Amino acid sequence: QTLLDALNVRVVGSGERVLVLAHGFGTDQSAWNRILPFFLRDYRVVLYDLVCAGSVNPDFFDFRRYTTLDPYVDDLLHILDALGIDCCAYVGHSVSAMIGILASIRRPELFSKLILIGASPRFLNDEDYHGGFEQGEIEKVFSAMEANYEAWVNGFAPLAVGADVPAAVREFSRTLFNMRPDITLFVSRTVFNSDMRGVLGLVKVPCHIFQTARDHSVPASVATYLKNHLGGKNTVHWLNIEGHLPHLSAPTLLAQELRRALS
């Protein structure tokens, strides 16, 4: 009820099959705007904002509660329960990929399919796993963020978008500026220090792992790790797209692959 209001839940489209579009770190549901028109005819599309989105009243970000991904999972399932959805396809970018994995383990019949975009179960490297980041690198991100948020956004947004699409950089920057730096840091700590590797095999639904070329936050080999460790039938879709935010930077190609995956 006020949960649906709090997270700006929005349902659009003329179809009966339910498609949930779940945004990732640094954006809000508007990240789906250039993809959305392709799905209005065949689906009932559910969109919402994570509690950390800059579009959500930060009064709702309870730092005592949102200490791991589990309470994000709680929010997602309560939205779906409150809308009366017991079967859907789910698209999750970034952290929302991991949220969907967790939700699927809690509710194995709820999702016919997970489509994961720019997903990683773990960013930090160790002697048998390459995540893409050393602890030192990550500490420099956190300190930069806290020392000068605007300078951090300005240098981070272009690396994330990756491809030379300045208008996407501006769009990603604005959703990063709408977030309170406070929350951005705390959520970045939650995400960087998560480790989903041990639970991947508990997923039984088919997963489509959408992986771009040159994703600053997800090495190629992490998409193969997901393919190899997720418990169900997995397919990696190697996007002919550079960067971490293909729904912003190449929405036509992304919509096309999504359509195929959902088929």
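From 1 onward, residues are counted along the sequence shown.
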{"query": "Between the two ranges 43 to 51 and 212 to 220, the one averaging a larger CA B factor in the entry", "finding": "212 to 220"}
{"query": "Average Cα temperature factor in the PDB entry - higher stretch of 228 to 236, 192 to 200", "finding": "192 to 200"}
{"query": "Out of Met145, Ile79, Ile99, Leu110, highest CA B-factor residue", "finding": "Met145"}
{"query": "Of the residues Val91, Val73, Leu159, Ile105, the one carrying the largest Cα B-factor as recorded", "finding": "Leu159"}
{"query": "B-factor third for the C-alpha atom of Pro181 within its chain", "finding": "highest"}
{"query": "Record-listed C-alpha B factor of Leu116: chain third", "finding": "lowest"}
{"query": "Ranked against its chain, the third holding the CA B-factor of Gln29", "finding": "lowest"}
{"query": "Record-listed C-alpha B factor of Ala250: chain third", "finding": "middle"}
{"query": "CA B-factor ranking of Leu4, expressed as a third of its chain", "finding": "middle"}
